[PDB]
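Written out below as structure tokens is the structure these notes cover.
What follows draws every value from the coordinates through simple rules; no lab data is involved. All Cβ positions, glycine included, derive from the backbone under ideal geometry; neighbour counts span all protein chains shown.
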2 protein chains.
Amino acid sequence: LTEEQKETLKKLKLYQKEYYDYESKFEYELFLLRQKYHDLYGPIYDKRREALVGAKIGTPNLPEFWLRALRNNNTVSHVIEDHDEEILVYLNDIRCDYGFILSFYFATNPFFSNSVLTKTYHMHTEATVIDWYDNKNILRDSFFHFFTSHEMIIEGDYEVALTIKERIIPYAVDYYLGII
Amino acid sequence: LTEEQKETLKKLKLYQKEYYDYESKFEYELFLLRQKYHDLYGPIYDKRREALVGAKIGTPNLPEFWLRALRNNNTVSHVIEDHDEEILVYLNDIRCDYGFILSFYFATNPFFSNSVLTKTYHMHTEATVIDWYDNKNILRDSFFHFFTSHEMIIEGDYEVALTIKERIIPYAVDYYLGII
């Protein structure tokens, strides 16, 4: 490069650093916005859970609520089998916290002892190991294979998790009603 | 459903509408944030263009600037051929405005008469028709096939456009320097 061109390059480096200054502020203000609204969604999720749950069955105030919400979603329905349903009726709540952790809360059930099954996504995955009771391990294909720590396996797994996080949890009752 | 369950459903409908109220405010505040920072990026793009351009060649203060930036991006380099390069040296500026419109500004050149080639994405596509000079229509495979109005064709086209919009325009000089 000539010196005149080096000067132009110099200017462009200055302006690019300025762009990064602003983009930083944007990402920071974006993080603030997402966090603010996560905490505003919190009580709504709490109220929903309270209304659904209040028994030795899941969501006893509205039986099979989460199963039917999950079933009415295209992406998630693919991974849910007949035999899975008799476990998923014990589901009390599905939660998300900040990657992120998905928590599935279960009423006392004859399949496993866990009251909570978690799945963490770091951006590897971390999943609670299901403490299956004797002759109760339904695992052939299952939704519960989702609960493994760890690209085909990792992608369809992530897509279901994203759907739960971004669609099921925010719009649960609309899936239940079948209007999405 | 029993009446007690209908009451639970009623509550859940109320809470879901409340969720949508908040999600609305979120999308609105998000739109405000993105717009605010688009206008903050504007002058930086202007300054860059001013430094690059100020001639019958593109970016005469730093020859072949946009070609080398485009070439150093993986996704975009796939669509750029040898014969394309002798046109892309006349590129003065690449802009984005709100879907969105991508604008490619060209210095006076022997290939076409257009000073601006635009590509609009509505979320169909709208593209400026290139007024090729006689025996100058380089269209075999070309980057300039990008400039057609209109899923394989529509997806790889959209991916290149997203890369230009989200990577090339924001980080132009870093691609030029080859540090991304």
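Determine the shielding of peptide B:16-23 by partner chains: average, over its residues, the number of Cβ atoms on other chains within 10 angstrom of each Cβ.
Details: counts 9, 2, 6, 11, 3, 2, 5, 5.
Going residue by residue through B:16-23 and averaging, the value is 5.
Residue-wise HN-Hα couplings along region B:60-66, as the Karplus relation 6.51 cos²θ - 1.76 cosθ + 1.60 with θ = phi - 60° gives them from phi, are x, 6, 8, x, 6, 4, 7 Hz; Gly and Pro carry x.
From the alpha carbon centroid of region A:1-74 to that of region B:59-107 is 32 Å.
Globularity index of region A:1-55 is 2.36 (Cα radius of gyration / 2.2 N^0.38 Å, N = number of residues).
When the pairs A:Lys56/A:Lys136; A:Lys47/A:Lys136; A:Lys56/A:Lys119; B:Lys56/B:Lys136; A:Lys119/B:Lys6 are compared against a 27 Å limit on Cα-Cα distance, A:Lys47/A:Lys136; A:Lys119/B:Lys6 fall above it.
Can you compute the FRET efficiency between B:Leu162 and A:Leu32 using 1/(1 + (r/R0)^6), with r the Cβ-Cβ distance and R0 = 22 Å? Round to the nearest 0.05. It would help to have the intermediate numbers written out before the result.
Values: r = 26 Å, r/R0 = 1.16.
Once the sixth-power term is evaluated, E becomes 0.30.
3J(HN,Hα) along region B:86-97: 6, 8, 5, 5, 8, 5, 8, 7, 10, 10, 9, 9 Hz, from the Karplus curve 6.51 cos²θ - 1.76 cosθ + 1.60 with θ = phi - 60°, whole Hz, x for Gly and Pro. Counting Cβ atoms of other protein chains within 10 Å of each Cβ in A:39-51 and taking the mean gives 4. Listed values for region A:22-29 are Karplus-derived 3J(HN,Hα) couplings in whole Hz (6.51 cos²θ - 1.76 cosθ + 1.60, θ = phi - 60°), namely 5, 4, 4, 4, 4, 4, 5, 5, and x replaces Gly and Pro. Between amide H atoms placed 1.01 Å from N, distances below 5 Å from B:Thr118 occur with B:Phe104, B:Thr128, all of them 5 or more places distant or on a separate chain. With the biggest extent put first, the Cα atoms of the protein assembly as shown measure 80, 39, 35 Å across the principal axes. Building the convex hull from the alpha-carbon atoms of region A:56-180 and averaging its projection over directions returns 7.5 nm².
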